[PDB]
Amino acid sequence: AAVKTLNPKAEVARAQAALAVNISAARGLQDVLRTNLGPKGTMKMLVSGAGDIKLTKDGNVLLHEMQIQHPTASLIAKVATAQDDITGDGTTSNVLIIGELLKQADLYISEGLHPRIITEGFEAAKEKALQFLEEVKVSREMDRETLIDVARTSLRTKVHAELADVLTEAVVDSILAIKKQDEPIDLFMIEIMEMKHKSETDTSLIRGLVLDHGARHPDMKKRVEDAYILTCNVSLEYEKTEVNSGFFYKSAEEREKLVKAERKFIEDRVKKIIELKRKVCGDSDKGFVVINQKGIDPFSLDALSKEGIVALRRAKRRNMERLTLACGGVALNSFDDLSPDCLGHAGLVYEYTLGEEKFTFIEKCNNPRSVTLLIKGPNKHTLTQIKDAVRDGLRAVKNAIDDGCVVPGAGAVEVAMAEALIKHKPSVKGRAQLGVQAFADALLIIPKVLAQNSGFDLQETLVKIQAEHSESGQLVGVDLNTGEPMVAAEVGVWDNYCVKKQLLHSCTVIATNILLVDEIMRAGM
Amino acid sequence: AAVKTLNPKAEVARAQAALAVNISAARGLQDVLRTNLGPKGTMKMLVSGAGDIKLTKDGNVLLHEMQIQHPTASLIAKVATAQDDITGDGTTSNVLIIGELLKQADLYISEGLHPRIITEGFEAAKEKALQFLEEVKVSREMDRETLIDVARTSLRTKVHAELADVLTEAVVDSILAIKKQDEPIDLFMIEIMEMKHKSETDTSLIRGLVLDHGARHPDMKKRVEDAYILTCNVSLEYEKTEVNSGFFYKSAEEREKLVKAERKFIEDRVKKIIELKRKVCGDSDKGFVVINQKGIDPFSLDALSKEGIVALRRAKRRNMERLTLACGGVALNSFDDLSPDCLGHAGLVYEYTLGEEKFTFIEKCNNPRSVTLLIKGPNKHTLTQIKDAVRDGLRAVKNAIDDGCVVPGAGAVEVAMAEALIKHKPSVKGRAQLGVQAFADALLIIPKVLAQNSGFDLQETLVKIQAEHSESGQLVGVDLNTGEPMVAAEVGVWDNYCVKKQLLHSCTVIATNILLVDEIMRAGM
Amino acid sequence: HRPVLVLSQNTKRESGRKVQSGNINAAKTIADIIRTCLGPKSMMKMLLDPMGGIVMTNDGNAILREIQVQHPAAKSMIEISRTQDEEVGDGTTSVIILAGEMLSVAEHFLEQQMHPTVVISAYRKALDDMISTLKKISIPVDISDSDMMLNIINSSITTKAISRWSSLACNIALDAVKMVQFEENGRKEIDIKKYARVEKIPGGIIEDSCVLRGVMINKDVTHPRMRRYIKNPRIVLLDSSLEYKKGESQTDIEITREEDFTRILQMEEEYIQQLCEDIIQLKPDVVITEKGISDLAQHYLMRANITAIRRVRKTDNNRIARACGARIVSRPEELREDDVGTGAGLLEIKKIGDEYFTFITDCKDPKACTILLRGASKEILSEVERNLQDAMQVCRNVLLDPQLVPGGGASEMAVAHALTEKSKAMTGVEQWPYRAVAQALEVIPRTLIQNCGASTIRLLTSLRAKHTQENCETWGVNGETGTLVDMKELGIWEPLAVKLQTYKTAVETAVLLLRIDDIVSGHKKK
Ligand SMILES: Nc1ncnc2c1ncn2[C@@H]1O[C@H](COP(=O)(O)OP(=O)(O)O)[C@@H](O)[C@H]1O
Ligand SMILES: Nc1ncnc2c1ncn2[C@@H]1O[C@H](COP(=O)(O)OP(=O)(O)O)[C@@H](O)[C@H]1O
Ligand SMILES: Nc1ncnc2c1ncn2[C@@H]1O[C@H](COP(=O)(O)OP(=O)(O)O)[C@@H](O)[C@H]1O
């Protein structure tokens, strides 16, 4: 080798050698991740070096937390990272297409042909598969019963279908009360809190917000009804001057006059708050809750407790955006223009402690446009099951609202897409005839894996599904209960259009680039 | 695993794990040994730990002299050992069938099916492949011009076609003058001597024998014409009694009487030889050659040199079998019944020295039935090229004489056998339909490798060959010069019937047993 | 222990034919590494770096930057490809193969007892004639034509991995250079490294990637009350902070009275209100600074309806100053009406994959743009970023020197017959190394057929016979099919600045490595 001559500590791989490195590593990630695709998949227990249990079967969490040191396994993990970042689901199915695009192409490159001729057939098959996806998409005008069936498909593939009926009502109803009038839905308006109260099948949808910190004073009210939310960013604690000055006093009686003077600027901010509670007709209960992102000294907490004002401290950055929409007030950074117009409103503000950890709840808002899914999982690993399923389900219903068309379910897309490439296979008119066949057989792994994980036969199921599709016009698919070919558009199994669009584009470019690699080497030491 | 619990230092392989070990190792031996099949193959230089060059490309010498430590490679090397032991050629094509019987079966076992279903299709395909082989064999009554083309096919695939024109005249003419009247030809009657005299393209066929030892006395004749061969097995050197006796003498005059008397039994054996030379009318030249398997003391060598008798010593075990047929005498073990009936005859007995190493030549016999191929290769590694090709060619013409039919050449057998399994593929009527397809595609590697080593296309050649077979009745094959489909029975490319019969039997059983292995483990420590 | 009296401890000495023929084998080794990365049928080469990343590329410069060699003559060839990458865009690989071949024919004459100064003096005479031959076979380019410039950049990206999206990458790379073509005083300058930022975001498809008419940054708004959608903003760029920090002095205040401590904390609030009142006299809409913004500065900009961005980089502030036409000021009380960046189009704080991005696009006449790349992962987006850098610099060479040379083997064989006919009038000992320069240029059409699998004997005989007549002389090697097609029909044209820098660097590399007859290794420095 030439690289061994200049650098003797530099390993290398040749043309027929580096292809066998990438193909055998693609089958290694394929055989692991194919046992957890769909609702009938198997759970995986991931233990790190510390000893924490991470029980999940999502394709992005499996590839990141896996003890693998391989350059080909790191390339698929980069493509799988961007799949779970922009659209959520579609990560486990992303790796199986790459593992089949290199396995089906291995049967032609080893039989005399060149790897570039196979890549010419992948592009000609990707253009026909992209045009076929725009013809099978179904627009249902974003009905709230359609979004239930979209969220039910993404949630059943991550839980044992007893929590999927609970989390569907917590994902669809949370994504509708955010934005209207054809506005882009921001996912930062939904807060994800982890509790431990009752059980895993008790995750409810709080219509307001849930804060992870409580009141830092024992004399404050624990349950406040019909409160005013005053969102602040000021620092009520003692802050020094920027120029280091220091006090200078002569007598001991003049020392206490400087301690009263150094807190006068702090107490002027507190007098702006307690006068706002008197200017809102305080002849009633008239509760006041201050979230107050910056910390508060205990001298001002004792002053606000005597007036009946609940004061929190040390909030988050995005709590000044979610609570501002929920309460309807104005997040202020100063007390120079205080008015009742910047105040919020909530019918019930209460707290609850779970083992020296208080949680402030804000509920009963009119039009919040910001909610909180309250996950109450008993174990630490059960909290990671619901959190990875909520962010998978929220990104699933977000794509079904932004895109006006819904793509069909399990086998209603991949079987019809492979049969559409066979009739256009003699249309390429050249040496790339076998490239369309390798792309059509790689798309058929989605009915093959789902029939294998359900315990049914792999080859006997694909014959009956393709027979019901060719002898009709309906997009028939796979059934995870009986194995018979059933249509996915009628049984309530849907999928996202952007997931299948990006699965045809991210897997095609990453397969045409891996097959054209012949000099895998390690140099730089 | 269960083996890890009992023995902590015992490795193991599970059901889906041990299948990937045996298949990927069979592809490792396939990709190496496919670069030497046919006349267009490349030479392999094999260097051992000492530093000697073993330049050869036979499939049996490649697998034995290869630094590999694998249990799958040791199974194929044992089947390849028996292929070069009983029938000579057929070793490179043996490994390529096993490399494709496990690779074509991996396309079905990994796609849901069971390995036993594929092995049931191999037995049903072996029954049709055995019946089709008996229909394509050609009986040509063992003509001497037919055996030239049989020996030319086995010799080209091991030399650069300049020595194949010389070695074919040395193999065919050697195998004809051994046995007649439907007798099994013994290959021990052909001696293979390694010389260094002229060049690699100077290997002649000596009609008698070439002994590697010469005369051990300087007064003996170097060139003897019209000689009498006296084949002996007695020990002319000084031997003692079996019982430990020793000598006892009184005076010094009785000391010399015991040395004269202790050689009386030795000289009585020499006096029987010199009196046989006087009873064969020794009034002429009348040369005498004693090969004398056991050693001769220099006292008896000095006695035989004065009478004019050339006496060799330390012959081989089979030198008393080959020279006995060549000279026509009787290999005696005693001198009690010496007669002219047990004497041989040769027209010329001469010697030649090559670097202080004499070589005794015996030529000009009437009906020898024992010959010697005199290989005169220049280098030491070039002697291993010709010797491994002579025994590859001698076992090829020995099978063509014993079996009454000749099998056609390169692609005239494997392509026609694969097309016969396609029309008999729906004859199994069961789940083993894909087993006959995996066996028919594995037999097509012989036209695929020969089209790949010659530089032609792999898939474009197999289309034109199968087109000429389906549109005609002639067994067409592969041409390694133009790439066009040419009939092998007309161009003079033949093969053995027992090679193709064992290639369908030894490769099929070793493939059905490897596919039914799922517990590769190492225990015993 | 008595030490041994030696001289020049722990060093090596090597001279003679072991160094003159030793530097050739070190140069032939690097020429065999990137030999399969020249033609349009090239393949990617996956590399591994000690930082932990993966570089999968086929460009000749990015491959040699990840190779750490120990030979001193091998380190010289890596700096040659770095010089070609900084001068032109797609002129690097071709130099390493050509310098390896000019040293390949130079090793033959070193065995003929010829001095290395004779071969170099024949190389300098051959170098001066290759420059004069390319200027005779050139063709003037109309830089105002849009479709003519698309065919030049398509000839440079057919080799790279963006040849599949040729209809998109040509329009992105051409419009990026034409926007950053800035000219203030009487000097034309094209800055495609400081103003043509290539921002890649993992996600989406490659067909949705397009060059924005403006800049973008990965920064959110400072306060959620501020607007995220302004139609026509008045962008004011700042450099200093809007906070109250410690001055560059030894300021210390002695507080004796009670009213003095509360006055200092009020003067810190009034100082922020003084600078916030000075920036709203021009009535802006977007305030962008490079330092921190305090919460008191956010309070005055909230009620004035001002969207503030906090911590934009220094390199991004110089890029938005050319796109919006603003001036970066560092003093809030010295703001003028000419320092406000009017003419900016739609400003929108979009979100791409759970992360906000400030988009300043739809400008009237921007002098800086940002190519928004979107792909499958960070692996292939670094490939398109490195290919667009080689696609924008080859458009810069045409705008500075509008001459084209027929590439694809037609350039190397047109001079190889010019050096052969000019060598007949030498009549000296330098005639034979002069002939080897024309045979060394033939390795570039030799590599175009070894990558596609064509014949190297049947094609070189027919291509050398085409350059015997002076009529056509522009016949090259078609790397797609494998036959001989004229370059006036295919459209493969390379710029003059790429072909001149290829020949000037390949000869002078052979000048440097042939004068080396000694190597001393084992000494330390300070
Ligand atoms: N109820 C269902 N019936 C049939 N198929 C389903 C059902 N739910 C999910 N699937 C299939 O499982 C596949 C994978 O789903 P999921 O695991 O959520 O995404 P990914 O595998 O990309 O992580 C989808 O392609 C879908 O067709
Ligand atoms: N002259 C020839 N023309 C075409 N094919 C040939 C020729 N000679 C040998 N072959 C083919 O080469 C194959 C292998 O031959 P050989 O190497 O002698 O046996 P093995 O490969 O078993 O060691 C045979 O199957 C035969 O068909
Ligand atoms: N379609 C084509 N036909 C023939 N030759 C081509 C074609 N496309 C590119 N080439 C050749 O491939 C070569 C690629 O050179 P390149 O490695 O890009 O140089 P650099 O490393 O300086 O960018 C060019 O010199 C060009 O002549």
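Here, residue 1 is simply the first one shown, and the rest follow in order.
The deposited model was determined using electron microscopy, 3.1 Å.
Yeah, the Cβs are placed from backbone N, Cα and C, and that goes for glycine too.
According to Swiss-Prot, the protein has these features:
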BINDING   A:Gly38, A:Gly90, A:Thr91, A:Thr92, A:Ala410, A:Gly411, A:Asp495, A:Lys500  ATP binding site
BINDING   A:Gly38, A:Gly90, A:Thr91, A:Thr92, A:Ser93, A:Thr157, A:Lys158, A:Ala410, A:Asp495  ADP binding site
BINDING   A:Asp89  Mg(2+) binding site
CROSSLNK  A:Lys250  SUMO2 cross-link
MOD_RES   A:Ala1  N-acetylalanine
MOD_RES   A:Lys4  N6-acetyllysine
MOD_RES   A:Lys198  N6-acetyllysine
MOD_RES   A:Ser204  phosphoserine
MOD_RES   A:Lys286  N6-acetyllysine
MOD_RES   A:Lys364  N6-acetyllysine
MOD_RES   A:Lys376  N6-acetyllysine
MOD_RES   A:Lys387  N6-acetyllysine
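Taking the features listed in Swiss-Prot, we show where each one sits on the structure.
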residue	record	Cβ contacts under 8 Å, 6 or more apart
A:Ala1	N-acetylalanine	A:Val12, A:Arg14
A:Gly38	ATP binding site	A:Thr157, A:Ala410, A:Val449, A:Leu450, A:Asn453, A:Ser454, A:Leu480
A:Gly90	ATP binding site	A:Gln83, A:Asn496, A:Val499, A:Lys500, A:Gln502, A:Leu503
A:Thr91	ATP binding site	A:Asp58, A:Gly59, A:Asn60, A:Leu63, A:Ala80, A:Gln83, A:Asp84
A:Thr92	ATP binding site	A:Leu33, A:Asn36, A:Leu37, A:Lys57, A:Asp58, A:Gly59, A:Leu62
A:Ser204	phosphoserine	A:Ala170, A:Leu374, A:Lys376
A:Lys364	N6-acetyllysine	A:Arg207, A:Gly208, A:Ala346, A:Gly347, A:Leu348
A:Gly411	ATP binding site	A:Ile446, A:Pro447, A:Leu450, A:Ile465, A:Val476, A:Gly477, A:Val478, A:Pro485, A:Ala488
Among A:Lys4, A:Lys198, A:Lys286, which are recorded as modified residues, the nearest neighbour of A:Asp89 (Mg(2+) binding site) by Cα: A:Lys198
For A:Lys250 (SUMO2 cross-link), the number of other Cβ atoms found within 10 Å of its own Cβ: 8
Remaining residues near the recorded ADP site, that is with C-beta within 8 Å of the centroid of the site residues A:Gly38, A:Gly90, A:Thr91, A:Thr92, A:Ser93, A:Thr157, A:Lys158, A:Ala410, A:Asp495: A:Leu37, A:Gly59, A:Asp89, A:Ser154
DSSP state at A:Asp495 (ATP binding site), helix/strand/coil: strand
Diameter of the ADP binding set by C-alpha atoms, the set being A:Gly38, A:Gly90, A:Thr91, A:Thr92, A:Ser93, A:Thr157, A:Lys158, A:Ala410, A:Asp495, in angstrom: 15
Inter-residue Cα distance where the pair is A:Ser93 (ADP binding site) and A:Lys198 (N6-acetyllysine), in Å: 34
Position of peak Cβ density within 10 Å, selected from the recorded positions A:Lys4, A:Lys158, A:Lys198, A:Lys376: A:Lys158
Neighbour tally for A:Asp89 (Mg(2+) binding site), based on other Cβ positions within 10 Å of its Cβ: 25
Close-lying recorded positions around ligand 1 among A:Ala1, A:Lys4, A:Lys198, A:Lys387, A:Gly411, A:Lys500, where CB distance stays under 6 Å: none
Minimum Cα separation from A:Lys387 (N6-acetyllysine), reported as the residue among binding-site residues A:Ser93, A:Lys158, A:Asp495 that achieves it: A:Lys158
Spatial neighbour of A:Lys158 (ADP binding site) that is closest, considering only the recorded positions A:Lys4, A:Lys250, A:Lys286, A:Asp495 and their CA atoms: A:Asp495
Nearest of the recorded positions (A:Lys4, A:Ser93, A:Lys250, A:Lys286) to A:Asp495 (ATP binding site) - Cα to Cα: A:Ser93
The residue listed as 'SUMO2 cross-link' and A:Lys286 (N6-acetyllysine), Cα-Cα, nearest whole angstrom: 47
Whole-number Å value for how far A:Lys250 (SUMO2 cross-link) lies from A:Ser93 (ADP binding site) (Cα to Cα): 78
Integer Cα-Cα distance in angstrom, A:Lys4 (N6-acetyllysine) to A:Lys250 (SUMO2 cross-link): 82
Where A:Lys387 (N6-acetyllysine) falls in three-state DSSP terms: helix
Number of other Cβ atoms within 10 Å of the Cβ of A:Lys286 (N6-acetyllysine) across all protein chains: 15
DSSP state at A:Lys4 (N6-acetyllysine), helix/strand/coil: helix
DSSP three-state assignment for A:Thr92 (ATP binding site): helix
